[PDB]
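Single-structure report; data block below.
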Amino acid sequence: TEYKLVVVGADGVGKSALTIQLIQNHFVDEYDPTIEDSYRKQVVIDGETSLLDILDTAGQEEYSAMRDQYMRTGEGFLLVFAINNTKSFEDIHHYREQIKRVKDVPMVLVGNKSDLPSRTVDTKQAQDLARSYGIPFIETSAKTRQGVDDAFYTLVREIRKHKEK
Ligand SMILES: *[C@H](C(=O)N1[C@@H]2CC[C@H]1CN(c1nc(OC[C@@]34CCCN3C[C@H](F)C4)nc3c(F)c(-c4cc(O)cc5ccc(F)c(C#C)c45)ncc13)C2)[C@@](C)(CC)C(=O)O
Ligand SMILES: Nc1nc2c(ncn2[C@@H]2O[C@H](COP(=O)(O)OP(=O)(O)O)[C@@H](O)[C@H]2O)c(=O)[nH]1
Ligand SMILES: [Mg+2]
């Protein structure tokens, strides 16, 4: 069983650091901000051996029929914002609507950088936003690995739930 997962959200929220934490179990400080790449990881989730294909998005903001079709291949999306960056949180509506445009799509709201003291987005605002979308909210830190497996595995569970419909 394979799951095509896509990680989306504003520049600098930690999409690459979250992806590398899942794949390598290490925190990366300076992953090239412009690079969009995909990685595979074999995991066992709820007893089921799964191949996660994770697309870590990046690059210029462009919309082409080609990019729409590429995004449409994703089966589940992590909507990542950073808890110390209000604009990244405000941009979540944009990412969710782009996914719905190109595709009931499995998604998880991820509030990353949970280790920082400089919070600007409170937990309740994010919980409320996730509730309005009918999706889970997971707090993470790519630095300490808090919530990292939970965010990806919850996304896989959401895909499984969608496939049952
Ligand atoms: C920054 C960088 O890597 N990125 C910037 C933010 C994330 C990536 C790709 N970029 C991008 N940006 C937006 O919206 C940004 C913003 C803020 C400025 C004005 N914009 C409109 C809103 F206000 C939010 N959206 C993007 C996309 F929607 C997509 C994309 C494109 C298509 O065709 C379909 C699609 C379907 C589902 C999706 F989830 C997405 C996504 C994502 C889709 N593509 C990119 C995108 C800009 C960088 C590191 C540049 C390398 C930097 O600035 O230095
Ligand atoms: N403290 C802290 N820093 C993070 C975390 N995630 C990413 N970073 C840092 O934030 C910056 C941007 O992260 P990156 O993964 O490149 O963001 P991306 O543009 O969304 O791919 C880098 O300096 C990362 O080391 C986190 O959870 N906590
Ligand atoms: Mg990146």
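Cβ placement follows ideal geometry from the backbone for every residue including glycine, while neighbour counts extend to all protein chains displayed. Readers should treat all values here as calculations from the given coordinates under stated rules, not as data from a laboratory.
Quick notes on this structure:
- Extreme residue, nearest to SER141 (Cα to Cα), among residues of region 80-94 that are away from ligand 2 (no atom under 12 Å from the Cβ) and under 15 Å from the mean Cα position of the chain (by Cα): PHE89
- Odd one out for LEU116 among (1) hydrophobic (A, V, I, L, M, F, W, C); (2) touching a helix residue (DSSP H, G or I) at 6+ places or on another chain (Cβ under 7 Å); (3) over 24 Å from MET71 (Cβ atoms): (2)
- You will find that of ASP46, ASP53, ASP68, the residue that is away from ligand 3 (no atom under 11 Å from the Cβ), more than 17 Å from the chain's Cα centre (by Cα) and under 25 Å from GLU139 (Cβ atoms) is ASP46 and no other.
- Residue within region 134-146 that is more than 16 Å from ligand 3 (Cβ to nearest atom), aliphatic (A, V, I, L, M) and closer than 14 Å to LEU5 by Cα present: no
- Selection status of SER64, more than 17 Å from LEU18 (Cα to Cα), more than 15 Å from ligand 2 (Cβ to nearest atom) and among the small types (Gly, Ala, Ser): yes
- Of note, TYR31 satisfies the criterion of being closer than 20 Å to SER141 by Cβ, within 8 Å of ligand 2 (Cβ to nearest atom) and among the aromatic types (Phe, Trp, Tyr).
- Sole residue being hydrophobic (A, V, I, L, M, F, W, C) and away from ligand 2 (no atom under 16 Å from the Cβ), chosen from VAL8, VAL44, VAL13: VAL44
- Verdict on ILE54 being crowded, with 16+ Cβ neighbours inside 10 Å, of a type in the set (A, V, I, L, M) and touching a helix residue (DSSP H, G or I) at 6+ places or on another chain (Cβ under 8 Å): yes
- The number of residues in region 142-164 that are assigned to a helix (DSSP H, G or I) and of a type in the set (S, T, N, Q) comes to 1.
- Of the residues making up region 1-55, those that are away from ligand 1 (no atom under 13 Å from the Cβ), of a type in the set (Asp, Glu) and over 17 Å from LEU78 (Cα atoms) are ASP29, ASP46, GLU48.
- Listed conditions (1) closer than 29 Å to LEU51 by Cα; (2) more than 16 Å from ligand 1 (Cβ to nearest atom) are all met by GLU97, apart from (2).
- The residues on offer are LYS103, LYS143, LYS124, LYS163, and the sole one that is surrounded by fewer than 21 Cβ atoms within 10 Å (Cβ to Cβ), within 23 Å of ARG67 (Cβ to Cβ) and not β-branched (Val, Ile, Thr) is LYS103.
- On the stretch given as region 137-157, residues that are farther than 22 Å from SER16 by Cβ and in contact with a strand residue (DSSP E or B) (Cβ under 7 Å, 6 or more places away or on another chain) total 0.
- Restricting attention to region 128-140, the residues that are in a helix (DSSP H, G or I) and loosely packed, with under 15 Cβ neighbours inside 10 Å total 3.
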